[PDB]
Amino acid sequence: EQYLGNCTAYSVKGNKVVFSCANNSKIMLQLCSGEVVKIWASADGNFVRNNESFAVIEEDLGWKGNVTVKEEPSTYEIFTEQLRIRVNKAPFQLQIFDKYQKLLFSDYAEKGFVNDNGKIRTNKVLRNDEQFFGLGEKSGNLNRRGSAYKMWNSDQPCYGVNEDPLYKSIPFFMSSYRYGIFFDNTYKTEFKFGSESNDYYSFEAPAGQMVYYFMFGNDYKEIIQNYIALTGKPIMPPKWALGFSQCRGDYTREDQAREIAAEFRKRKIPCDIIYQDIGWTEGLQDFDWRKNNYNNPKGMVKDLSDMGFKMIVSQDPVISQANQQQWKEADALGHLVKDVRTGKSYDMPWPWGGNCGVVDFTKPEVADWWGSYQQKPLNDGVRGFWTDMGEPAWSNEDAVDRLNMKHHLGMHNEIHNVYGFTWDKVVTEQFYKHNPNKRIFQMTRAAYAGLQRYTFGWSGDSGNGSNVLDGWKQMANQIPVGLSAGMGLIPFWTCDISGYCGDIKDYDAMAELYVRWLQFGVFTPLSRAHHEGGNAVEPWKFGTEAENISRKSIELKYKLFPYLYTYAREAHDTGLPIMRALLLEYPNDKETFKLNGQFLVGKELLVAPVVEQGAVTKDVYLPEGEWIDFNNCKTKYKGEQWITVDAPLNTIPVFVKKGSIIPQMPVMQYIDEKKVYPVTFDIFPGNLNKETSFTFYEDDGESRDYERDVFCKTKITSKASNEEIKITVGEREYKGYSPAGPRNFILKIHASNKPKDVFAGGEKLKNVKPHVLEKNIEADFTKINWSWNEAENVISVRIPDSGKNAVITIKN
């Protein structure tokens, strides 16, 4: 094996420095910014790659001028605002320190880069206290330290708690030394976080180029912000995507879709999306509504739309040989992935429809061809897709025949991990071209780093196939799977609520597991119930008790829409997921590294779902601050402690941090059932003299205008003093969008005693009964008054949403 060995020279060209080492080997450092360093180690010195990065869309992160290299007798030095880079000459060793001279990231001995006949590996020093997170949508515990992980998009139905690889390959991880690494290589990469030794960790590839980005941060937020500078801001879904979604393996016909739509509304179980699974299409993949299953597809879509339902249909990336017309067409055009052994279209087995041709989404001409096909259901009013089986399916590591696939942009060993990525990119690009200035809804199974630009994600075929009732640990592991997905830039994520796998032979017996799964699931942004085949899993299938609990769970998510939607926008701006591992907000608290049974939803809410069978309590870790039971709003706990709370089947443990302001809307059956509505702000005042706030974000919810920063914002602020609370409704920030109106705001201040008075500016407000304050809340926008609820310990102040600054002073 080949190492870099001694560095004999360097050359600078703009923001790039190239170090020449032994036997034509070279290594480049490129300062994308003061915090982000692109590193390219090369065994032969050439700096070429078969394909430029599929993930990176910007290398200019604001570095000004040349890189300055200071040569010393045995080292070179490069300084930035945040980094001190030390390069050993003999042998070459890259060492990155922070500005306090603490070592962050160092080559291990002389083996920082190792080439072994095309196999490329990077070895770094590993410290005893160094922990690791990320690598995208992967199983096991959040903390990756001690384990090894592989990138090969795989199709492993009913997967276990530690199964790896899974469906998506996002080679971005973060260290608790507060740097991220993105390994910009699409081959079957492997990450070994002290699984071989305590002295080093490694990342490697069997072929391709050793290109990776070192991303400094003072916290994890800063690292993630740097990663989206490189790989793109997440697109936001249409606003209605944050409601509840329903699917089934057999959701493939008109009469059923109409019946299901009617059942949700009759039962007052809120729901926005009805999915249709792959049987909807006549053949793979013609996008024609199956004749025996749909009589009037346009009328169906329109009638569901009038009921507030949006439809999302499946697509696979293959053309069945039995679909002779479309197969012959694709094959004649050269649009199918070839077999290197024959020069002809690769003959791919598939689980339905027979052998198929794999569509080559890396061939440029395929994009418009596919776009015209997929547009058909969209012309009927369908609002988007779920892109399934893009691994490609049935192409796990052991299916070595697949390595003979030759795609336009490369061989399968390179392209496998971006097969689904490039497909999903075509789907979104073509949607944009055919449906201008509209947000796509795409939710995908298979993906690569950078997917956030084109698609959302679900975690595929989860749960227990042998016995559905024994899926508790698998359900529980969807928490860190989702949180890790979030850290890999899948902010808009869900899992199959109820799991995918396992026949439901006994609905009474499955009720408890279904309820707990849905309680967790409604805190995923794209909450979707789904199950294999004809295993119905609508929230009324498990008896009245489970139905009532499930309706309440869904209702809570809908009430939280304005809160969740604000965090949807924060995902676009910062890269932060809605579902946040506590470590992202409390990086100084090492206890957070172990938390696989709870998470934050935005910053203000801590959710701790019960994920153990028979459990009627929950152990919850509370980080810094004081924390209030969000279910009753009375019980308060001190932070930095483990507690045990009561958590029977009808309860989801949810906590709100003291200081929080939570925007909520009324219960509706779908997002924008009421196009205008009063907004309530639940205010839990912080400690004496501490100013807290929430910035309520609004936009049109449908167009791409938000990408050009067309929106409005209303900042609500709270500051408690000695026997006085000041609530400020900030002047509306208008950036080209104005909200639904006219409407009222209701400030709901949680407090132990009725106050003496409430003022709006200098004017004293009339105290009124709750019924008066509530009367004509959607009809009269000239009333300013306040009420007191002794039972709930809430001061309610009604105020028209004028868009003007107002200071509300509560006198205790």
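Don't overthink the numbering: it's just position in the shown sequence, from 1.
Visitor: Higher average CA B factor in the deposited record is what I'm after, so tell me if that's 343-351 or 243-251.
Guide: Taking the mean B-factor of the alpha carbons in each, 343-351 is higher.
Visitor: Mean CA temperature factor from the deposited coordinates, higher in 316-324 or in 446-454?
Guide: According to the entry, 316-324 carries the higher average C-alpha B-factor.
Visitor: At the C-alpha atoms, which of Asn162, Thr544, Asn218, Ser459 reaches the highest B-factor in this entry?
Guide: If I rank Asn162, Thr544, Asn218, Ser459 by C-alpha B-factor, first place goes to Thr544.
Visitor: Between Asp573, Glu414, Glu137, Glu723, where does the Cα B-factor run highest in the record?
Guide: In the PDB entry, the greatest C-alpha B-factor among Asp573, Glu414, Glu137, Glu723 is found at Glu723.
Visitor: Among all modelled residues of this chain, ranked by Cα B factor, put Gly371 in the bottom, middle or top third, i.e. lowest, middle or highest.
Guide: Middle third by C-alpha B-factor.
Visitor: Taking the chain's C-alpha temperature factors as the reference, tell me which third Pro91 falls into: lowest, middle or highest.
Guide: CA B-factor rank for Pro91: highest third.
Visitor: In terms of the CA temperature factor given in the entry, to which third of its chain does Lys473 belong: lowest, middle or highest?
Guide: Tercile = middle for this residue's CA B-factor.
Visitor: Taking only the Cα B-factors deposited for this chain, tell me whether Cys32 sits in the lowest, middle or highest third.
Guide: Answer is middle: the recorded C-alpha B-factor places it there.
Visitor: By its CA B factor, does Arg121 count among the lowest, middle or highest third of the modelled residues in the chain?
Guide: According to the entry, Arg121 has a C-alpha B-factor in the chain's middle third.
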